[PDB]
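Here the structure comes first, spelled out in structure tokens, and everything after it is commentary.
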Amino acid sequence: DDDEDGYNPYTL
Amino acid sequence: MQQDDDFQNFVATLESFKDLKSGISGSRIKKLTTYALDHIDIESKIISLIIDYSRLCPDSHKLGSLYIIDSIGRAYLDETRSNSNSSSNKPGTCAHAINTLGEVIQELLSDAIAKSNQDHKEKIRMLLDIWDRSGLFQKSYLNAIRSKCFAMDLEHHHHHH
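From first to last, the protein sequence lines stand for chains S and C.
Under my numbering, residue 272 is the last one in the first sequence; the count climbs by one each step, no gaps.
Under my numbering, residue 1197 is the last one in the second sequence; the count climbs by one each step, no gaps.
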């Protein structure tokens, strides 16, 4: 799914 | 701030989040964050929302909400920090916000990690590490996760270090 998935806390 | 981007946007984002099938889109988290900061006169409803959303559902929401709170926390911390992080009880602003969260992070995290599996549980663990390193909740590892027993207990049948 192209939606900037996978949100990492180390990267805002 | 003329009745534009009110709680609607915030709640809307969160709602749509859970509506997903374990997707957790960064976009949503962003909206919630920017919104919160943009309106520090609603730290209560905001923080309260994300919090409830987490404890609400099992691992599902647990992981999701966790990520959301993470972003907001970092930003909020820096914001209030820029001036002076002070509080006592009840919500009011960034300060009170962080304080409140740290007062519920126990059940939140613990539950999240527990309800979470090898995979999910792994994500939470990492996030926690970054938190301490960065300097979000400078409480010297609250009793919550403090007791390694937390992970050890939820730690299903599997080897580790």
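Ideal Cβ positions, reconstructed from N, Cα and C, are used throughout, including at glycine.
At a beta-carbon threshold of 7 Å, none of the residues of chain S lie near C/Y1089; the nearest stands roughly 15 Å away.
Annotation: C/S1058 to C/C1185 spans about 27 Å, alpha carbon to alpha carbon. C/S1063 sits in a helix when the DSSP states are folded into three classes. Residue state for C/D1155 is assigned as helix, using DSSP reduced to three classes. Neighbours of S/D263 in chain C, taken as residues whose beta carbon is under 9 Å from its own, are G1059, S1061, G1062, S1063 in chain order.
Linking C/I1149 to C/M1037 through their CA atoms gives a straight-line distance of about 38 Å. Around the beta carbon of C/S1101, 16 or more other beta carbons sit within 10 angstroms, so the residue counts as buried. Note that the stretch 1059-1072 of chain C does not touch the stretch 1115-1127 of chain C; fewer than 3 beta-carbon pairs, one per stretch, sit closer than 8 Å. Burial check for S/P269: the Cβ neighbour count within 10 Å reaches 16 or more, so the residue is buried.
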